[PDB]
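The chain contents come next:
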Amino acid sequence: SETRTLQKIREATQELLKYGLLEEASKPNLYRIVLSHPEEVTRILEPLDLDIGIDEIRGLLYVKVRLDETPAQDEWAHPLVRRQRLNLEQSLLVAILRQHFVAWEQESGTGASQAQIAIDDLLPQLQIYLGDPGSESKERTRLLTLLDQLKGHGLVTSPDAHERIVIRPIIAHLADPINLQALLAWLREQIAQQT
Amino acid sequence: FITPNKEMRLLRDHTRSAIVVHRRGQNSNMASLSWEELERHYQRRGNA
Amino acid sequence: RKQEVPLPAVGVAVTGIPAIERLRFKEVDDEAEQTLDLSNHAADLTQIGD
Amino acid sequence: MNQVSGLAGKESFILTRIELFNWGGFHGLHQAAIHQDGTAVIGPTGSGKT
Ligand SMILES: [Mg+2]
């Protein structure tokens, strides 16, 4: 009867609402289609108060809440986007990854292919703020499970066969990056104070 | 009124007290004085 | 009794759209000390140039 | 001029004091006095007037 929305755009919208972000580096077809039909996607998503913010420089899309410009509701609330607060370890790990990504961008430029970081590099850095939980096996398992948890949010790729990881471009658009820097520096200073 | 040291002479003629605020590193201090107390302070600067 | 019957899906609920904005970070208490210090800064005496 | 100044304080509320604490660069407590007839706030560029 009525016209049906194109198959590719339907696939794009469903995938984008499932994972929360596309990437040209891992889904070139779908990413290309959405940028060629920005009005169509933004129209499909507008009724839900959802909207896509496009980052051409890093070749990344992500779903963001659309709600109106600074109404009496200073902080947005949305039935679907359930806000979450990461636990301490996740926050510190995200701060470390944020710092690494920013540092690499400072050298290779914005949007440069992220250098692969070895798992071994991260363990000493977490040990600064968490000490040694008791064994190398325990700490490595903790790091692996934390990276698996973060992969859900799309911040990092899964460890490869050589036990390295990559930092997804999404980490640049976190909610409030000032929170990471302040907390990280605060603990980094407290450890020196107490030692 | 607020002025960054402009047309002060005009302020003298239509206001009775001034708040002198100065910067020092990352901390700013504020003082409240009358025009005549500041005039006396200048007269102390007048020895130079 | 862990087979999966071919019954349809109804009431399919869409929630948890993982918008990156939705995240928040850990709040850590700082119980070091609380500041009485309320010195009146009487040192605000003028120190200004010509 | 004070003949017109009789309106101030008589009919309407007038600002007379502002008290700060750890607001901007004003570490610690502070306070400034406002004369009922009018005040002028002066200082070098970028010191804390605004
Ligand atoms: Mg200003």
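Our structure is the block above this text.
Here's the deal with the overall build of chain B
- Looking only at helices and strands, one finds 2 helices and 3 strands in chain B.
- Sequence-ordered secondary structure for chain B, helices as α and strands as β, is β-α-β-β-α.
- Each principal axis of the C-alpha distribution contributes one length, and for chain B these read about 30 × 30 × 15 Å.
- Buried residues in chain B amount to 29% of all 48 residues.
- About 3,400 Å² of surface is accessible on chain B, with carbon and sulfur atoms providing 50% of the total.

Re unusual backbone geometry
- Despite not being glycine, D49 of chain A has its phi angle at roughly 65 degrees, a positive value.
- Relative to the helices and strands, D49 of chain A resides in the loop between α3 (38-45) and β2 (50-55).
- A positive phi angle, near 70 degrees, is found at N5 of chain B, a position not held by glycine.
- Within the element layout of this structure, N5 of chain B appears in the loop between β1 (2-3) and α1 (8-12).

Here we look at the sheet that holds strand β3 (residues 60-65) of chain A
All names here are of chain A.
- What the 3 strands build is an open sheet, ordered β1-β3-β2; its pairing is antiparallel. Each having just a single partner strand, β1 (21-23) and β2 make up the two edges of the open sheet. Within the sheet, the average angular offset between the axes of one strand and its neighbour, ignoring direction, is 25 degrees.
- Seen against the sheet, helix α1 (residues 7-19) touches β1, β2 and β3 and runs at an angle of roughly 115 degrees to β1.

Things to note about the arrangement of the chains
- Highest in contacts among the 4 pairs of chains that touch are chains B and D.
- Over all C-alpha pairs, chain A and chain B never come within contact, reaching a minimum spacing of 18 Å.
- There is a gap between chain A and chain D: no contact, and a shortest C-alpha distance of 18 Å.

A short note on the interface of chain B and chain D
- Taken residue by residue, the interface counts 24 residues in chain B and 22 residues in chain D.
- Each partner contributes to the roughly 2,200 Å² buried at the junction of chain B and chain D, and carbon and sulfur atoms together form 61% of this total.
- Together, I19, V21 and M30 of chain B form the three largest contributors to the area buried by chain B at its contact with chain D, with a combined 28%.
- Linking chain B to chain D there are 1 salt bridge.
- Our enumeration of links across chain B and chain D arrives at 13 residue pairs in polar contact.
- For the side of chain B that touches chain D, the secondary-structure elements that each account for two or more residues are β1, β2 (17-24) and β3 (27-34) of chain B.
- Per-element accounting of the side of chain B that touches chain D gives the leading share, 7 residues, to β2 of chain B.
- Residue composition of the side of chain B that touches chain D, grouped by class: 10 nonpolar, 11 polar and 3 charged.
- As judged from the 2 bridges shared by β1 of chain B and strand β3 (residues 39-42) of chain D, these two strands associate in the parallel manner.

Some details on the interface of chain A and chain C
- Between chain A and chain C, the residue contacts involve 31 residues of the former and 17 residues of the latter.
- Of all residues in chain A, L80, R85 and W186 of chain A bury the most surface against chain C, accounting for 22% of the area lost on that side.
- The tally of links between chain A and chain C comes to 9 residue pairs in polar contact.
- For the side of chain A that touches chain C, the secondary structure elements donating two or more residues are α1, β3, β4 (84-85), α4 (88-108) and α7 (177-194) of chain A.
- Of the residues that constitute the side of chain A that touches chain C, the class distribution is 19 nonpolar, 7 polar and 5 charged.

Cut-offs applied
Residues numbered from 1 in each chain as written, not as in the entry; some residues may be left out. Chains lettered and ligands numbered in written order. Part of a larger assembly, values for the part shown. Heavy atoms only, no water. Helix = DSSP H or I, 4+ residues; strand = E, 2+ residues; numbered from the N terminus. Buried < 20%, exposed > 50% of the residue type's maximum accessible area, 1.4 Å probe, protein only. Areas by Shrake-Rupley, 256 points an atom, 1.4 Å probe, with all protein chains shown as cover. Pairing = 2+ DSSP bridges. Axes fitted to C-alpha atoms, helices over the stretch in contact; angles between N-to-C directions. Contact = heavy atoms within 4.5 Å. Buried area = accessible area lost by both parts, 1.4 Å probe. Salt bridge = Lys/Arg side-chain N within 4 Å of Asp/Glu carboxyl O. Polar contact = N/O pair within 3.5 Å; in protein donor to acceptor, adjacent residues only side chain to side chain. Nonpolar A, V, L, I, M, F, W, Y, C, P; charged D, E, K, R; others polar.

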